[PDB]
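All of the numbers you see were taken from the coordinates with simple rules; none came from a lab. All Cβ positions, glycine included, derive from the backbone under ideal geometry; neighbour counts span all protein chains shown.
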Amino acid sequence: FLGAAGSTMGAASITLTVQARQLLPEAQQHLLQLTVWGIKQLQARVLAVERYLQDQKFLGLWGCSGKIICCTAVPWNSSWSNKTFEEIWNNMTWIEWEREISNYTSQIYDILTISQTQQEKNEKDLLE
Amino acid sequence: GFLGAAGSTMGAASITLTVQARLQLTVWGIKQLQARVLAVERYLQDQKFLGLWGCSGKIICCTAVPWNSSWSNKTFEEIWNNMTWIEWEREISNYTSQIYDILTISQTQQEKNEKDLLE
Amino acid sequence: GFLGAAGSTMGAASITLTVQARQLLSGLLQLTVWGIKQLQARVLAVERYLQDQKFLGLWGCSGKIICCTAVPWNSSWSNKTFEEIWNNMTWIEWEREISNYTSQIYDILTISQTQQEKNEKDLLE
Amino acid sequence: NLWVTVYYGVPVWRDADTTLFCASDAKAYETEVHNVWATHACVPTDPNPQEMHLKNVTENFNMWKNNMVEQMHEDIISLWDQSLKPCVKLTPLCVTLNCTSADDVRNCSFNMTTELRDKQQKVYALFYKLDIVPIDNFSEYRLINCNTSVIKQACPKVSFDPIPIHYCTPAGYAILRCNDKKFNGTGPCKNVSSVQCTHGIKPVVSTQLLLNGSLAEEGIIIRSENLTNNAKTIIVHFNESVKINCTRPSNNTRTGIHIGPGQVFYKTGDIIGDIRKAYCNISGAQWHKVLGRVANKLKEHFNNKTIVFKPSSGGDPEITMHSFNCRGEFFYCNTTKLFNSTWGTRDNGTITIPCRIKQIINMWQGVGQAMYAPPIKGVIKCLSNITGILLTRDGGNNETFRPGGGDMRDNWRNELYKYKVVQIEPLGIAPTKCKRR
Amino acid sequence: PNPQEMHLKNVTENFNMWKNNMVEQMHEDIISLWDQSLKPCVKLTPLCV
Amino acid sequence: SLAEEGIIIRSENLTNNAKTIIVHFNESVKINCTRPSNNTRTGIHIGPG
Amino acid sequence: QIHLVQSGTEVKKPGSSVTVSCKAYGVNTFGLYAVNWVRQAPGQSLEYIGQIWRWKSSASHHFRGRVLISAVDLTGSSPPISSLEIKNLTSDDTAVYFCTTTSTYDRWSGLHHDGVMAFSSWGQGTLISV
Amino acid sequence: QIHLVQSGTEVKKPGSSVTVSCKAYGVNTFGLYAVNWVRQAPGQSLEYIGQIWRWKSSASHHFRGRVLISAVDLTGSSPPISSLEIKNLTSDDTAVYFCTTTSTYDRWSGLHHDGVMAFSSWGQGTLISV
Amino acid sequence: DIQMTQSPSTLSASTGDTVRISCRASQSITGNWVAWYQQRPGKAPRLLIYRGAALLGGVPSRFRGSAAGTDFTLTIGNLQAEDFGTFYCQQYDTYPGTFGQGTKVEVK
Ligand SMILES: *[C@@H]1O[C@H](CO)[C@@H](O[C@@H]2O[C@H](CO)[C@@H](O[C@@H]3O[C@H](CO[C@H]4O[C@H](CO[C@H]5O[C@H](CO)[C@@H](O)[C@H](O)[C@@H]5O[C@H]5O[C@H](CO)[C@@H](O)[C@H](O)[C@@H]5O)[C@@H](O)[C@H](O)[C@@H]4O)[C@@H](O)[C@H](O[C@H]4O[C@H](CO)[C@@H](O)[C@H](O)[C@@H]4O[C@H]4O[C@H](CO)[C@@H](O)[C@H](O)[C@@H]4O[C@H]4O[C@H](CO)[C@@H](O)[C@H](O)[C@@H]4O)[C@@H]3O)[C@H](O)[C@H]2NC(C)=O)[C@H](O)[C@H]1NC(C)=O
Ligand SMILES: *[C@@H]1O[C@H](CO)[C@@H](O[C@@H]2O[C@H](CO)[C@@H](O[C@@H]3O[C@H](CO[C@H]4O[C@H](CO[C@H]5O[C@H](CO)[C@@H](O)[C@H](O)[C@@H]5O[C@H]5O[C@H](CO)[C@@H](O)[C@H](O)[C@@H]5O)[C@@H](O)[C@H](O)[C@@H]4O)[C@@H](O)[C@H](O[C@H]4O[C@H](CO)[C@@H](O)[C@H](O)[C@@H]4O[C@H]4O[C@H](CO)[C@@H](O)[C@H](O)[C@@H]4O[C@H]4O[C@H](CO)[C@@H](O)[C@H](O)[C@@H]4O)[C@@H]3O)[C@H](O)[C@H]2NC(C)=O)[C@H](O)[C@H]1NC(C)=O
Ligand SMILES: *[C@@H]1O[C@H](CO)[C@@H](O[C@@H]2O[C@H](CO)[C@@H](O[C@@H]3O[C@H](CO[C@H]4O[C@H](CO)[C@@H](O)[C@H](O)[C@@H]4O)[C@@H](O)[C@H](O[C@H]4O[C@H](CO)[C@@H](O)[C@H](O)[C@@H]4O[C@H]4O[C@H](CO)[C@@H](O)[C@H](O)[C@@H]4O)[C@@H]3O)[C@H](O)[C@H]2NC(C)=O)[C@H](O)[C@H]1NC(C)=O
Ligand SMILES: *[C@@H]1O[C@H](CO)[C@@H](O[C@@H]2O[C@H](CO)[C@@H](O[C@@H]3O[C@H](CO[C@H]4O[C@H](CO)[C@@H](O)[C@H](O)[C@@H]4O)[C@@H](O)[C@H](O[C@H]4O[C@H](CO)[C@@H](O)[C@H](O)[C@@H]4O[C@H]4O[C@H](CO)[C@@H](O)[C@H](O)[C@@H]4O)[C@@H]3O)[C@H](O)[C@H]2NC(C)=O)[C@H](O)[C@H]1NC(C)=O
Ligand SMILES: *[C@@H]1O[C@H](CO)[C@@H](O[C@@H]2O[C@H](CO)[C@@H](O[C@@H]3O[C@H](CO)[C@@H](O)[C@H](O[C@H]4O[C@H](CO)[C@@H](O)[C@H](O)[C@@H]4O)[C@@H]3O)[C@H](O)[C@H]2NC(C)=O)[C@H](O)[C@H]1NC(C)=O
Ligand SMILES: COc1cnc(-n2cnc(C)n2)c2[nH]cc(C(=O)C(=O)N3CCN(C(=O)c4ccccc4)CC3)c12
Ligand SMILES: *[C@@H]1O[C@H](CO)[C@@H](O[C@@H]2O[C@H](CO)[C@@H](O)[C@H](O)[C@H]2NC(C)=O)[C@H](O)[C@H]1NC(C)=O
Ligand SMILES: *[C@@H]1O[C@H](CO)[C@@H](O)[C@H](O)[C@H]1NC(C)=O
Ligand SMILES: *[C@@H]1O[C@H](CO)[C@@H](O)[C@H](O)[C@H]1NC(C)=O
Ligand SMILES: *[C@@H]1O[C@H](CO)[C@@H](O)[C@H](O)[C@H]1NC(C)=O
Ligand SMILES: *[C@@H]1O[C@H](CO)[C@@H](O)[C@H](O)[C@H]1NC(C)=O
Ligand SMILES: *[C@@H]1O[C@H](CO)[C@@H](O)[C@H](O)[C@H]1NC(C)=O
Ligand SMILES: *[C@@H]1O[C@H](CO)[C@@H](O)[C@H](O)[C@H]1NC(C)=O
Ligand SMILES: *[C@@H]1O[C@H](CO)[C@@H](O)[C@H](O)[C@H]1NC(C)=O
Ligand SMILES: *[C@@H]1O[C@H](CO)[C@@H](O)[C@H](O)[C@H]1NC(C)=O
Ligand SMILES: *[C@@H]1O[C@H](CO)[C@@H](O)[C@H](O)[C@H]1NC(C)=O
Ligand SMILES: *[C@@H]1O[C@H](CO)[C@@H](O)[C@H](O)[C@H]1NC(C)=O
Ligand SMILES: *[C@@H]1O[C@H](CO)[C@@H](O)[C@H](O)[C@H]1NC(C)=O
Ligand SMILES: *[C@@H]1O[C@H](CO)[C@@H](O)[C@H](O)[C@H]1NC(C)=O
């Protein structure tokens, strides 16, 4: 859930424990009707379910599987970004960063998938 | 959710948990649609909690949180040898929210520490 | 979930199994005729994924494409050796061949996962 | 070296549109009084506020493009239709009425169907002059909507009492509230706070004056789409409420006639006592004070000219008169005395404005689908605030500000001007030095 | 499909028949099935004469 | 939509005389249809509304 | 739609001052809009001058202390108006001037970035020579 | 429904040729069906000759180079017809013959496996002795 | 504080040909913060491309742009008289947002 979004990336990274804690509801009451209000709840349920399922579907394919801080062995290519760790984590907010690197999200996702599946294949070889 | 073995003490039932599991609008058709969403919604909720605490698909999940005696006062033998599951969950029904929060915080703290080790 | 590369044998398709996940993203409030069909379609997909992920999860693979399970092979389920299973038999052909022993395989996998879970707690004391 | 790391739960959002459901208060409406608005089905009862203050975050808000107002307009039109679908048809009543040529009742004589299809009956009813239109002693007359709409009786039990409805958002979406004083709903907003969903809002509708609404914080503030075009209406929001008390004092009766198998048309009945027409009382001093403040505020944004308020020119009876319902009967009061002072003597006497009640209501900006409201059988008395006026400019020095109304969306813009739904995007990618798995 | 009944052993439950919601659901479902089946049918209003 | 290489006759049972034969054409034949004489529409009010 | 208008051509002399007013027909308000001032010397490349953004005015170093920015939004008779006037004019200010706009309602569009932005609409332009 | 009818019986002598043709009333087409030729024996178990499957003729290793198989599906007046020809006739050919069909529309049924299939519907049979 | 140059400054062109114009930046504009203008003789410049490759509304589709590190290019295919003019390249990454040197296209 959104909150304290004005802080920089470094300041808000140590407060991610608060965001995750305290239940990171409504519309759970069964109705079984077709009135004006009876259909909007039925659609809201599906909207929430699809959103959460899509997010967890994207998360799983990279080997994160429900962890907030997901580390990956994918090198950083300078074409996606130039700025150093300080200029990224000291004077830039998350909205600013995600707007800056919005042209290289698809490639990042694809590369993460390649890396995960290649790492998965390497292990089977070691086991044999 | 295995009903059956619900009148046994906690230790016995724990051993026997070998296996966990396995449009039109008309009066019946709407009811069937509501029944589907109810199940999907329910499964997701338990999974969301389990995963946040780090359990992720294990029927028995070990957690690092210590036990505070202000939740319970009894010994391991009293709790496991003579209390059924519906009695224990009713006996500690006032400290589930705090327990959930403590496990979430502990999982996040463990998650943060590992990044430090990796540098 | 892939269609395409169905003709090839296991040895060819498995190399591109990585590609199946790799290349792509992979995987109403109206009572009109089209609107209800859309509602049913949305529920069908969510429900299917969750059933598939629920089946995958109980064996402890937890959302990974190739999962190794410590379950020995029973000669009642099949006879052919690794070369003649993975060199000239397609996936559809194999899944049609061993369609009488999927339930037993699932049950054995679940029991083995539960036993491994129990054996882990003992080590931790 | 740096390596891609993935975070779930980062603070990022983008503007979006959703389906916002309804939540009402604790008291379930299964009290045997069922409203047109179906508040009882708004089963999501509202447990707690849960607000968070976004700090150092600025947002841009434009009230005229909000989709929240557009959704409400549709939901309210639909709830009304749903309520009147199982109600008496009223088609037998479109017949020639023989009314005495000797508001005003003119009671008339008509022939109507009895329960047995073969037989006919002659019935007499008191019909308000506003709803009967002459067709060309004892001259003939016809009902007003005979030629353009089908009229359906309101079901008697249903209550038109307006109760608060809170609109709420599904998970993955949030509502943002501006929290800024004097916020003419357009421009950057400083202390945006994340609210779970909107506060209680009453689905009341009125033409010329807004009754029972929310009050501003700092002062009287003007809000309009384009402050240059004369075809756009100006909405004023007050920071203090004038009080209007309205009553129909006669003691009337309801008598029911059977127009078919199982169908009853309830007609008006003879009065006992014959009190004067309904009026409405509005404190003169407070009204003139708030009118002077509004005049000064208008002088601020309109070149420091002299502001003249004039009475409404003409149109449908809704547009030219103040319109509302006291206890289920809509009556339209004459508001000339309230708006005639060129503000930049003031009379302190209680102002009493005449009201003429009507019965056959017509749909706003639509074709067909009229409604009939039965009598109440008792005396009525409702007390209300007024916290807004709607005015529309006439130009071709001084300025002419004709009172306006009729658009049913504009009644809620003073209550939904400070909300904006934003989709939440939790995923994010950032570089750091962990490099494993 | 094939029934699966499992005996709960050493478990006692309390039952009150007059508070069951299962009976209340049935009453509404049967009232609504009859209404749906007779909605597309001849009106019969000319008969009262 | 025209077929790709040749005229194709498709039918459910080429033996039964009670089954229709559908023919698909490689190329199209063009038909132009018109009602030459222009008329007027006038509306009569048969009820309220 | 959107249309911009400025004053006419004016011929001044050194040591004087000149005024240029911008009037936008289509900009609902300057609260969620921005106006950028740009100068084009004859043949030379376009040059940036200054802006007012969220009712905050500023200018580049080459024009700091020598340029003035003001703006008034919707009025009952007049459209939003922005003004630029040179102070202590010198012989090097002989160039055309232009009034620009952009839309700032959505962060995710890509026409603005932390106050530095492109220019969606351009005025006809006024010529000032000395 | 499904019904099979073959030709009549023949009595011949060695060094000749004879053909038996089955006419299936119920097979929509041989494209998604298959015809299996099986020869019963005077006292022994049944044997396999060959088949037409997706219009790909084949025969057993003990009948290759002698037996020929052809088939024509639905026509305007006649039902699908499949035929077997025995060339270089001998005393060992004194046995009944059958023409059989099994459905091939679904892979997952279990009536066929990689071209080697069961025998669902059987004809009456034609005794041939020499 | 950030400068750019573009070449060719003046280039001949003919109807039906495809022209490629490139503007080079001093630094690495990894955010794709580059915009293109075209002005007719004695006319104010008009925005055509923003964020490297995004078309505006009511713009011919023959204008195309590609962004990669330091090399930003604008490709115009099937030129017309409505398309001859003077072109500009701008970066808006660091305050102040400056302009390019200025390139002109002449017929034949
Ligand atoms: C909805 O609700 C919201 C919220 O309430 C509401 O928003 C409000 O809108 C108001 C508009 O209606 C708005 O008020 C205007 O604000 C303007 C911004 O003013 C700021 O900047 C100026 C300039 O800043 C310079 O200079 C100062 C001092 O020199 C310096 O300290 C600064 O740092 C800055 O210098 C920097 O830039 C220089 C270049 O400019 C550079 O050289 C320097 O080196 C340095 O880098 C400050 O002076 C202010 O104090 C503010 O900080 C403001 O400009 C504008 O003033 C005009 O209107 C006033 C009346 O309201 C007049 O009194 C005033 O004189 C201005 O009028 C002149 O301009 C108009 C426009 O052309 C012209 O027509 C007039 O005739 C008049 O011209 C005469 O004066 C000018 C000199 O100004 C001469 O050049 C002419 O020749 C004439 O002589 C307004 O005051 C308000 O801020 C805003 N509030 C909020 C909270 O958002 C919104 O309007 C509502 N919506 C609706 C529809 O109503
Ligand atoms: C919908 O649209 C689709 C797409 O168009 C359409 O599909 C088409 O359907 C067609 C049918 O309508 C189909 O055409 C038939 O194909 C038959 C298969 O032919 C193949 O096999 C034969 C035999 O193969 C043998 O022999 C050769 C040479 O000796 C050898 O090289 C082979 O390897 C194989 O030998 C193997 O088996 C032997 C035993 O069988 C063994 O001894 C060998 O050692 C070896 O192991 C080949 O000859 C072909 O070249 C093909 O490769 C085909 O048999 C059939 O031919 C019949 O019809 C023709 C006219 O179309 C005639 O010209 C021809 O003579 C056949 O007619 C005989 O059979 C009928 C059956 O009753 C009989 O009535 C006739 O009188 C005649 O019999 C007489 O002659 C034979 C000798 O030939 C004698 O034995 C008899 O005793 C009689 O004297 C068809 O040509 C087409 O393939 C198909 N297309 C596709 C792409 O799938 C579909 O039909 C449409 N649907 C509808 C409803 O319209
Ligand atoms: C709130 O409501 C107000 C009132 O409705 C509204 O203001 C009006 O906005 C419209 C735009 O929607 C304005 O119309 C434009 O006006 C300009 C300037 O006209 C002024 O000057 C003339 C002459 O002195 C006066 O007669 C006039 O009254 C104004 O004072 C015109 O130049 C525009 O012309 C364009 O449209 C023509 C068709 O009408 C076309 O011929 C052509 O497209 C014109 O643009 C062309 O101009 C260029 C030259 O500069 C040319 O080179 C190009 O090829 C280009 O195509 C247009 O008529 C109207 O004047 C405004 N009126 C007032 C009183 O303000 C607000 O806009 C509205 N606010 C919002 C937010 O919607
Ligand atoms: C497309 O449409 C066509 C036309 O409708 C259709 O062709 C016809 O199919 C039907 C089957 O549905 C065929 O009817 C069968 O025909 C056989 C063959 O009879 C031949 O010989 C007689 C006598 O010489 C002729 O009169 C006849 O025309 C044929 O040439 C019959 O043997 C079948 O008899 C069964 O039906 C009897 C009732 O009529 C029952 O008493 C009994 O079930 C018979 O079967 C029994 O026979 C066994 C002995 O052999 C016995 O032991 C078993 O108990 C078994 O039950 C039946 O009448 C008809 O002939 C076809 N006609 C033509 C011109 O083709 C196609 O089938 C259809 N295609 C598709 C895909 O649907
Ligand atoms: C970085 O990402 C952004 C997206 O966040 C991206 O901006 C997008 O660029 C595409 C490519 O030009 C834009 O798509 C065009 O938009 C215009 C707007 O009017 C349309 O007219 C275009 O349609 C024409 O072309 C189509 C294909 O030929 C035709 O089918 C059609 O009929 C039209 O002729 C086209 O859709 C898109 O609008 C922007 N998005 C935004 C929000 O601006 C940007 O390009 C990326 N950066 C880089 C360097 O690629
Ligand atoms: C009353 O107008 C209808 C009449 N009839 C129907 N019908 C439904 N079924 C059929 C056949 N007609 C209607 N449906 C929706 C209707 C409306 O929402 C609608 O216009 N307003 C909402 C209620 N309101 C008022 O309170 C109000 C205030 C001051 C004066 C008069 C009325 C008017 C506006 C509607
Ligand atoms: C909002 O209401 C307050 C009082 O409720 C008004 O405050 C008074 O305003 C008048 C004239 O504006 C002043 O003479 C008084 O001194 C004010 N009272 C106090 C206590 O300060 C205020 O005017 C209202 N808002 C507007 C825009 O008029
Ligand atoms: C950046 O490097 C990655 C390797 O991690 C590569 O896949 C990608 O294509 C590179 N980017 C470009 C624009 O070549
Ligand atoms: C962000 O970068 C600028 C570079 O000019 C630097 O001056 C500033 O201090 C940085 N922000 C913080 C919080 O250090
Ligand atoms: C017991 O411990 C928990 C956390 O370990 C703490 O929240 C709680 O307050 C403790 N109880 C007491 C009585 O201190
Ligand atoms: C548990 O307690 C009850 C009563 O306190 C006692 O009867 C029972 O024997 C105890 N359990 C065991 C295993 O002894
Ligand atoms: C499949 O098996 C057969 C016999 O077991 C063998 O002849 C054939 O070569 C195998 N397929 C491949 C591709 O080697
Ligand atoms: C009404 O019906 C009566 C029949 O009882 C008839 O006599 C009378 O004329 C009718 N009214 C009119 C106006 O015709
Ligand atoms: C925004 O509103 C909150 C509560 O109304 C207040 O505490 C805060 O100070 C306000 N923001 C500013 C910048 O004053
Ligand atoms: C309206 O009623 C209230 C309370 O009953 C009263 O205080 C007020 O004075 C009344 N209005 C007038 C104009 O008297
Ligand atoms: C409004 O009403 C009268 C009627 O025309 C008008 O002349 C006058 O200006 C206003 N009333 C008073 C009391 O001033
Ligand atoms: C059908 O049309 C194509 C070209 O459109 C032609 O080549 C072909 O011969 C036609 N079919 C027949 C059966 O002639
Ligand atoms: C044909 O008749 C229609 C209807 O009167 C009319 O609108 C139209 O103009 C006529 N056309 C000609 C060619 O007269
Ligand atoms: C000359 O220029 C300076 C700087 O712009 C200005 O402040 C000063 O007032 C001007 N003085 C004269 C003589 O105009």
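A few points about this structure:
- Some residue of the stretch A:101-119 being over 21 Å from the mean Cα position of the chain (by Cα) and surrounded by fewer than 13 Cβ atoms within 10 Å (Cβ to Cβ): yes
- Of residues in the stretch I:37-62 being over 27 Å from G:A41 (Cβ atoms) and part of a strand (DSSP E or B), the one farthest from the other protein chains (Cβ to nearest Cβ): I:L55
- Residue list for the stretch B:1-17, restricted to those being of a type in the set (A, V, I, L, M, F, W, C), in contact with a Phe, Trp or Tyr (Cβ under 8 Å, 6 or more places away or on another chain), within 12 Å of chain E (Cβ to nearest Cβ) and not in a helix (DSSP H, G or I): B:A6
- Restricted to the stretch D:181-261, the set of strands (runs of 3 or more DSSP E) holding at least 2 residues that are away from ligand 1 (no atom under 16 Å from the Cβ) and within 21 Å of the chain's Cα centre (by Cα) comprises D:209-211, D:234-248.
- The residues listed here are D:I361, D:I389, D:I424, D:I351; of these, the one that is of a type in the set (A, V, I, L, M), crowded, with 17+ Cβ neighbours inside 10 Å and more than 30 Å from D:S313 (Cβ to Cβ) is D:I424.
- Any chance D:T18 is part of a strand (DSSP E or B), within 14 Å of chain A (Cβ to nearest Cβ) and over 20 Å from D:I151 (Cα atoms): no
- Options D:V57, D:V43; residue that is closer than 30 Å to G:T29 by Cα, facing chain A (nearest Cβ under 7 Å), out of contact with any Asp or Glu (no Cβ under 9 Å at 6 or more places or on another chain) and buried (at least 17 other Cβ atoms within 10 Å of the Cβ): D:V57
- Residues that are within 14 Å of chain E (Cβ to nearest Cβ) and out of contact with any helix residue (DSSP H, G or I) (no Cβ under 8 Å at 6 or more places or on another chain), drawn from the stretch D:110-149: D:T114, D:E115, D:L116, D:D118, D:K119, D:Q120
- Any hit, the stretch C:45-62, residues being touching an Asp or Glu at 6+ places or on another chain (Cβ under 7 Å) and within 14 Å of chain A (Cβ to nearest Cβ): yes
- Listed by position, the strands (runs of 3 or more DSSP E) inside the stretch G:13-130 whose residues that are out of contact with any helix residue (DSSP H, G or I) (no Cβ under 9 Å at 6 or more places or on another chain), away from ligand 9 (no atom under 16 Å from the Cβ) and within 21 Å of D:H301 (Cα to Cα) number at least 3 are G:18-25, G:67-72, G:81-86.
- Looking at H:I86, H:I69, just one residue is surrounded by 12 or more Cβ atoms within 10 Å (Cβ to Cβ), under 20 Å from H:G125 (Cβ atoms), out of contact with any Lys or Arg (no Cβ under 8 Å at 6 or more places or on another chain) and not hydroxyl-bearing (S, T, Y), and that residue is H:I69.
- The residues on offer are D:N281, D:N296, D:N340, D:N303, and the sole one that is more than 16 Å from D:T392 (Cβ to Cβ) and touching a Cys at 6+ places or on another chain (Cβ under 9 Å) is D:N281.
- Residue, surrounded by the most Cβ atoms within 10 Å (Cβ to Cβ), within the stretch D:161-191, restricted to residues that are away from chain G (no Cβ under 14 Å) and closer than 23 Å to G:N28 by Cβ: D:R177
Yes/no matrix, rows are residues, columns are (1) away from every other protein chain (no Cβ under 14 Å); (2) closer than 30 Å to G:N28 by Cβ; (3) among the basic types (K, R):
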{"position": "D:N226", "(1), (2), (3)": "no, yes, no"}
{"position": "D:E240", "(1), (2), (3)": "yes, yes, no"}
{"position": "D:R248", "(1), (2), (3)": "yes, no, yes"}
{"position": "D:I272", "(1), (2), (3)": "yes, no, no"}
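- Selection status of D:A370, away from ligand 16 (no atom under 16 Å from the Cβ) and either within 14 Å of chain A (Cβ to nearest Cβ) or farther than 30 Å from D:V158 by Cβ (or both): no
- If you go through the stretch D:21-54 and keep only what is within 26 Å of A:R51 (Cβ to Cβ) and in a loop (DSSP other than H, G, I, E, B), you end up with D:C42, D:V43, D:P44, D:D46, D:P47, D:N48, D:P49, D:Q50, D:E51, D:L54.
- Complete set of residues in the stretch C:18-50 that are farther than 30 Å from A:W37 by Cα, in a helix (DSSP H, G or I) and either among the basic types (K, R) or out of contact with any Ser or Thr (no Cβ under 8 Å at 6 or more places or on another chain) (or both): C:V19, C:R22
- Each residue in the stretch B:66-91 was checked for being closer than 20 Å to B:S106 by Cβ and surrounded by 13 or more Cβ atoms within 10 Å (Cβ to Cβ), and 2 of them qualify.
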